[PDB]
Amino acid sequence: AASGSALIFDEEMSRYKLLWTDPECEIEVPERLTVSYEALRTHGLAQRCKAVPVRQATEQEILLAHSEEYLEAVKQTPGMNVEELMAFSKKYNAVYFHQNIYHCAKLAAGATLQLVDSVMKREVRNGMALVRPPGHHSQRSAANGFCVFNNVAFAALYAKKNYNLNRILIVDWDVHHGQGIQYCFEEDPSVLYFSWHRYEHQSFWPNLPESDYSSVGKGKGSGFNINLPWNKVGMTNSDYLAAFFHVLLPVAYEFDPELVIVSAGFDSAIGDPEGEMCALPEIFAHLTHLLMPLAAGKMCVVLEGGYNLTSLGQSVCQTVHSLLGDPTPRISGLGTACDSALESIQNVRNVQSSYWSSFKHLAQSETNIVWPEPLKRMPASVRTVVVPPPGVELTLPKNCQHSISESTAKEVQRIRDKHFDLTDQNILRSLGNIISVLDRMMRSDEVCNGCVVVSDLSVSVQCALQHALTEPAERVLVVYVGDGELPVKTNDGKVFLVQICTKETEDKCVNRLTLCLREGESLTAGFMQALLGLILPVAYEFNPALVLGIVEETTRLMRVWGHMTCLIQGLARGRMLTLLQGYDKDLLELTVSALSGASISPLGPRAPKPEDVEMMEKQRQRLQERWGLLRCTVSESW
């Protein structure tokens, strides 16, 4: 299986610049590229990536997405002086040409195909291309908004032609609408395009009616274009995350893309003078993370906009950090999306309900500037510690390890005399393992998470949980698959309990979330809809310091467990301790692999049972006043 992350860059693409005064264009500078690469070298991240040489896109390749007439006209700009280059630029909207921009445009294009080839040939798992000029505004016969050729559109057309790909997801988190991408794929159901963007009721550039949420595609491609307009500036992490949990991820995991291309503009980051949003660079570590379980991790990130040289550097690093699998930063202060965002989110969901099954219940009323420096993100010495049953030896990935000092062994006796009596001398070894693994996770940056196999649940959960609280871990999120009650108090706001059961259980308070999904064929799609639209939004607002996973000895969800384990590592900087009751070679192989940061096997695209969606929306109704990040409609005033 593939390993590593590509980084495609070349100082040559910084060798074109604006040559006359023009305040429309004054912001697109060469320094964007060199600041971004220098931030990656300063943080050690460039050195950790496979450097892949840039190349030129050939003439045949440029014609995948552009007309001969336009290619011929651009081919002439290297022969042009400054008067002639100004005359040529004035024919297009918000774009300047330079003697060397045709050259760099072919480099920005070829660099993107270089990235597509490395990911699709399994030479890396994923990667990023720092390129200039950007692409996503470019159109079949026109330059637009600093873009000459449509790099991201090339990538999808090229991956279609040369790899026989059926499904390609393009995620455009630039703050501008990528209308060139939309035009190119509006009739193509094989490319799903998602774009959020500053719209301000069409008063923001490019001022297009088609940038609105009602453009869903055309013809055989309706439902594979999703526009999410931001109609106010100042959008926050909670707005961006709400867009992902309630619009983008439900749609993306059902589409099941074979490859993910990101138009990564960081003008949607705090401090940018074009986007004027308020999302912290760290959010891009999570935007990247939430997409990495798609398509076996095959993700190509292509740089677009980004104009505040400082936020630019930090958001680039948070993205590459997540591409290399480093632990994600904790996001604090999350809650409800703002009213304008909830209106936009609500309006997209309703128009898209004709096309996607996560939104289909909406259609019938039967069931309807300075900010703090981000912290350091070091990968653990050993990422994952595993404790299988005694004497069982397994094939472990290179970043895992097996696990009792005397310090820890006195503690187990201390606990035993007080609260248990019990003498089963190996469930006493399990609690030695639980404690020594927990001590390694929290006291150290050298171990990240861990999995322990246990036999007695309630004693194991008690010590795991109590040893985590009195450590201290501010909050613990507990995720439990099974039935019966455990020794967990949801009393204070220090524990939140997700439970996945089979018998229906009336919930009382807003610090427990109980999902009784009907067993059968639709169990897999229902679990994913709950994971994306209930569990992740609450977990993210709760902001736990530790995640405790617990599986009862019972099979039915061996298909979904790796996705959850991967996604849930967006909480608590990845510190998650999983207790498996009983030995299952394959469930344990699967848990360790997701915890180790390996690739997740895709699910493929069978729609969930309506009884299950009724159950999940009753849970949203019951929790969204305490947990605002669950909201995907505007609330009604008194």
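Rigid core here is just the name for the largest C-alpha set that superposes within 1.5 Å across the two forms. Throughout, we count residues from 1 along the sequence that is shown.
In 5 other deposited structures of this protein, rigid core aligned: more displaced of 164-172 and 354-362 by C-alpha RMS:
With the rigid core superposed, the C-alphas that lie farther in 5 other deposited structures of this protein are those of 354-362.
Superpose by the rigid core: which stretch, 191-199 or 421-429, shows more Cα shift in 5 other deposited structures of this protein?
The answer is 421-429, which departs more from the shown form in 5 other deposited structures of this protein.
**Unresolved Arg556 in a third or more of other entries flanked by modelled residues** = Yes; at least one third of the other entries leave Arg556 out.
inquiry  = Across the other PDB entries of this protein that model residues on both sides of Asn100, is it left without coordinates in at least a third of them?
reply    = Residue status for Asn100: no gap in any other entry.
Look at the stretch from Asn368 to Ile369 and count the residues of the deposited sequence that the entry does not model, then pick none, 1 to 3, 4 to 9, or 10 or more.
10 or more residues lack coordinates between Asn368 and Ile369.
Please classify the coordinate gap between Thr554 and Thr555 in terms of deposited residues: none, 1 to 3, 4 to 9, or 10 or more. Unmodelled stretch: 1 to 3 residues, a short break.
Of 390-398 and 250-258, the stretch whose C-alpha atoms average the higher B-factor in the entry: Per the PDB entry, the higher value belongs to 390-398.
Would you determine, from the values in the PDB entry, which of 466-474 and 91-99 has the greater average C-alpha temperature factor?
According to the PDB entry, the answer is 466-474.
Can you pull the Cα B-factors for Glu521, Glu282, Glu83, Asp212 from the entry and say which is highest? Out of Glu521, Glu282, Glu83, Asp212, the record gives the largest C-alpha B-factor to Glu521.
- Of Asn227, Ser458, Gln202, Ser263, which one's C-alpha B factor is largest in the deposited record? Comparing C-alpha B-factors across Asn227, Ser458, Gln202, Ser263, the top value belongs to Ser458.
Exercise for the section: Tell me, lowest, middle or highest third: where does the Cα B factor of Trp356 rank within its chain? Expected result: Middle third.
Quick check for you: using the entry's CA B-factors within this chain, is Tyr70 in the lowest, middle or highest third? Lowest third.
Check your understanding: Within this chain, which third does the Cα B-factor at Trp173 fall in: lowest, middle or highest?
Key -> Lowest third.
Which third of the chain does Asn231 land in by C-alpha B-factor: lowest, middle or highest? Lowest third of the chain for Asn231's C-alpha B-factor.
Which third, lowest, middle or highest, does the CA B-factor of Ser5 fall in along this chain? Its C-alpha B-factor, which the entry lists for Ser5, ranks in the lowest third among residues of this chain.
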